[PDB]
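Just one chain is shown here, as structure tokens, and it is the form deposited in one PDB entry.
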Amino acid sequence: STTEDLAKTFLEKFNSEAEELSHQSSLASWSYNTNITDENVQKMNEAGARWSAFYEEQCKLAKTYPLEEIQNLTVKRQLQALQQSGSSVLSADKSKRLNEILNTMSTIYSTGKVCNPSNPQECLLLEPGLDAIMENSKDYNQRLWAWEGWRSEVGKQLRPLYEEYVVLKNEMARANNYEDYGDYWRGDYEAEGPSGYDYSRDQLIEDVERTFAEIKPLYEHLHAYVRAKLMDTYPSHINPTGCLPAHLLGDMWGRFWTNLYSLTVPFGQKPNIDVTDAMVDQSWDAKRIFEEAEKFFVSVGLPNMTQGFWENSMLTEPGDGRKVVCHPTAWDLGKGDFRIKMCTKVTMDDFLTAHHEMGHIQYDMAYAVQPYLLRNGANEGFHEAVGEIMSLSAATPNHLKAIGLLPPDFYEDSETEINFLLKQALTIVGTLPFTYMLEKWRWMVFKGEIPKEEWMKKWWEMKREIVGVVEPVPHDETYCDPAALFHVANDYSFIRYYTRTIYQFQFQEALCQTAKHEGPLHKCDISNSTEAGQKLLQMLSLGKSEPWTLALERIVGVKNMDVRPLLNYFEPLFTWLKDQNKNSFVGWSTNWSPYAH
């Protein structure tokens, strides 16, 4: 018949068998994650073997149906997903070598130690030893030997592997009609959907650059406030108009500035709002936390949790001797089976992560109506943005008062509110230049615009100019400091952390305007707005069945990234920061080095 008639029939066979094999892998992996067992490791790996094998043959078959021969977009979108397969095109010897490199990098990253020059008996792994330093130490020299040792022990080992990684990954990518490996990664944002919902892979760079330009003023002022407060701790080594030295940033890479809060808090005489104590005095348990998250989604008109959700989840660490993995996850096991795995504790943190993880489950439930292959977030950024805005609402003092964890007469001081926004910014605004600059480097390396003889030269040029961060020690081309971060050594794209941050405030602002919340965006709670819930469901139910541009338009009214909601969220902190900075320099010189003398 038609190519399209055959594709539909092909997809129908795929869907029915894929839903079996995918479900059995989910079930087997759930058994392992809720009972770590050498047997459950076997059952898990075999279920993933059957599922991987089938999925691979089926991607090959999908290529027999040329997309140009296919009218229906829903059929087209499913085939498109199937026939982006990977390094299958790569020769067997090159494919075997790429995997060798990939595993070697991951293993020297996960096992490398760094020894104290002061005590050779003290050789720490990143976790827990070096992370403890980089997140807690206020001693310039301690942080420095941790920071430099890591980038020299493991980073130097990674250097020649990463050169071969780029060459091979690029070879695979070009043999798949992609310009380079970076252009392949930008594939996740491509949209060839209806009307003016189309989006090219090259547009992503343009949109990440236009939006970043709009964020830099806010960042520059956050950067100058933090620089001034770090002068009070490292007077010898902080220049009032220079970049910040890279090892003083509160983690190994400066990826987040969250751990600079004790050094930089605006009003250290004010405590954080922390309803943990109220939860213990009201005798909350894990069941009460998830019951309250459930009430929240029902208040905006979304479904309850399923009965199997309550019966089959693991909302509490087991005490039957079963060893489990405690990291919080939300599971869409297939065939109507939705679960959460969490070692829930009676704290404000775990109360907020439960709303976050239940947000994932709500997205999963909404797009279960879609065909198997379209059962996902509109793009790689959507799922977390959705989970995150549930946290934003659940944490607001308005919501905590309605829930009863805050007294009905509670009033937030302007100082407490500035304290809170500043902590938000150290995490949310602080990572935006880091994230953009990292992926911009990788994009340019894959593109061949940064030759290997200039890799570390350009890495630190862009870290100085874009991030305002300067290396404490010069680093020649024996180094490979980008690979010294987990995601780079383990072959994960990074731009998702940038885009989801922008989406999340676009989502939150559009729902808050729908709920007709008046006042500052950062105080908004969408609870009890069924209008807001409907607008939300308009997007969630689509899954990946439409261009992400249209999915975005359904909830926020525009079809692209816009940073104004992010800036609106932080506008109180912004005008405060400008006042604080009025007698200091704002911006930074790209020439001063901590080692220039």
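The first residue of the shown sequence is 1; numbering continues from there. Rigid core (definition): largest C-alpha set, two forms, superposition within 1.5 Å.
| query | Got a sec? Mean C-alpha B-factor, which is higher, 376-384 or 105-113? | reply | Mean C-alpha B-factor is greater for 105-113.
| field | Average Cα temperature factor in the PDB entry - higher stretch of 173-181, 309-317 | value | Looking at the record's C-alpha B-factors, the answer is 173-181.
| query | For the listed residues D332, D409, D207, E357, which one has the largest C-alpha B-factor as given in the deposited model? | reply | In the PDB entry, the greatest C-alpha B-factor among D332, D409, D207, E357 is found at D409.
| said: In terms of recorded Cα temperature factor, pick the maximum from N560, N40, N568, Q534. | reply: By C-alpha B-factor in the record, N40 ranks first.
| C-alpha B factor of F54, ranked within the chain: lowest, middle or highest third? | Answer is highest: the recorded C-alpha B-factor places it there.
| For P266, does the deposited CA B-factor place it in the lowest, middle or highest third of the chain? | For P266, the deposited C-alpha B-factor lands in the middle third.
| If you rank every modelled residue in this chain by C-alpha B factor, which third holds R288: lowest, middle or highest? | Middle third by C-alpha B-factor.
| Based on the entry's values, in what third of the chain does the Cα temperature factor of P472 lie: lowest, middle or highest? | Its C-alpha B-factor, which the entry lists for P472, ranks in the middle third among residues of this chain.
| query | Should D337 be placed in the lowest, middle or highest third of its chain by the C-alpha B factor in the entry? | reply | Lowest third - that is where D337 ends up once the chain's C-alpha B-factors are sorted.
The protein also exists as the form deposited in another entry; that form is not presented, and the subsequent description refers to it.
| query | Can you tell which of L333, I428, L260, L485 moves its Cα by 2 Å or more between this form and the one not shown, with the two forms laid on the rigid core? | reply | The residue that shifts is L333.
| query | Superposing on the rigid core, does the Cα of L27 end up 2 Å or more away between this form and the one not shown? | reply | It does shift by 2 Å or more.
| field | C-alpha of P474 moved at least 2 Å between this form and the one not shown on rigid core | value | No, because once the rigid core is superposed, the C-alpha of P474 moves less than 2 Å between this form and the one not shown.
| message | My question is whether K13 is one of the residues whose C-alpha shifts by 2 Å or more between this form and the one not shown, given a fit on the rigid core. | response | Yes; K13 is a residue whose C-alpha shifts (by 2 Å or more) between this form and the one not shown when the cores are overlaid.
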